[PDB]
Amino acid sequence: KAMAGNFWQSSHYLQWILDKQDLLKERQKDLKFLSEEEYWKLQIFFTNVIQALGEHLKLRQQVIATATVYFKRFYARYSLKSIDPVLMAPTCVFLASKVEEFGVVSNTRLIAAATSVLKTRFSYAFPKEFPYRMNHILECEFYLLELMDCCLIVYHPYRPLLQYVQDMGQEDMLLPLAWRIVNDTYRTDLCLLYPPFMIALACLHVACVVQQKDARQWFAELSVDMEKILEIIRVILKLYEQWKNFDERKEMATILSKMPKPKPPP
């Protein structure tokens, strides 16, 4: 509820809506080791790892999106070798849980959460036990907070989505599905490249097309650059084709192997 309408004067909007061409440039670093395809599969894999860590710890979906945004922002400008993404994932949850005022997840509870989820949900990718202790999380947190320039508050599409479907008067038909599509958008770069309401519109368009509901006139009546919305629809429609062909469980151990490794000291 705090800062709820400050988007256009936000740190989110003024510093963390990145240009795509700048984003893919600093990505060429890891593209020498991983291909373009492999890199986006990685992104899905960790979107799903942060999800399970949220679920396991009992946390609202808003806290998971924030966490997921902190993970993107870090590796948006830094290489996958810099800090281990297995360390960086729970660290983002740990920080998000603080920023989103649900509380500090305890030393024991956070580390059991990491240990259990990789052991349970992702056994195929990780045959050795989760290695990091709490001192690690605490260290990585500082590096994460410095990298974000202390930009902690994060806007997500779920609020504008809701407001929109209530304005339509078909909340029951569309909200369950539209909300899911929005979750699925975190498998992509979209949260770094578009304001949340745009992603909200985009998803909401798909929902209506998947549910055969005509909402042309409602959409026509909005004062938004519909060209930009079509960009996001394009990407949503594709991620689902990405989903179909991607066989996460069979492939990811090989892909995690290809990641550029950290260099320990001299």
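In this text, rigid core is short for the largest set of C-alphas that superpose within 1.5 Å between two forms. A residue's number is simply how far along the shown sequence it sits, counting from 1.
*Asks:* Rigid core superposed, root mean square over structures and residues, which stretch has C-alphas farther from this form in 9 other deposited structures of this protein, 169-177 or 97-105?
*Replies:* Farther on average in 9 other deposited structures of this protein: 97-105.
*Asks:* On mean C-alpha B-factor from the PDB entry, just flag whether 197-205 or 30-38 is the higher one.
*Replies:* Between 30-38 and 197-205, it is 30-38 that shows the higher mean C-alpha B-factor.
*Asks:* Select between 170-178 and 83-91 the stretch whose C-alpha atoms have the higher average B-factor in the entry.
*Replies:* For C-alpha atoms only, the mean B-factor is higher in 170-178.
*Asks:* When you compare the CA B-factors of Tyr240, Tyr70, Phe219, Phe45 as listed in the entry, which one comes out on top?
*Replies:* The record points to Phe219.
*Asks:* If you compare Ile236, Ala65, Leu53, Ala215, which has the highest Cα B-factor in the entry?
*Replies:* Of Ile236, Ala65, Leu53, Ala215, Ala215 has the highest C-alpha B-factor.
*Asks:* Comparing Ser11 with the other modelled residues of its chain, is its CA B-factor in the lowest, middle or highest third?
*Replies:* Lowest third - that is where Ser11 ends up once the chain's C-alpha B-factors are sorted.
*Asks:* Can you work out whether the C-alpha temperature factor of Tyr155 puts it in the lowest, middle or highest third of the chain?
*Replies:* It falls in the bottom third of the chain.
*Asks:* Would you check the entry's CA temperature factor for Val104 and let me know if it's in the chain's lowest, middle or highest third?
*Replies:* For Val104, the deposited C-alpha B-factor lands in the highest third.
*Asks:* Ranking the modelled residues of this chain by C-alpha B-factor as given in the entry, is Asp184 in the lowest, middle or highest third?
*Replies:* For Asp184, the deposited C-alpha B-factor lands in the lowest third.
*Asks:* Looking at the C-alpha B-factor of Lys20, is it in the lowest, middle or highest third of its chain?
*Replies:* Ranked within chain, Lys20 CA B lands in the lowest tercile.
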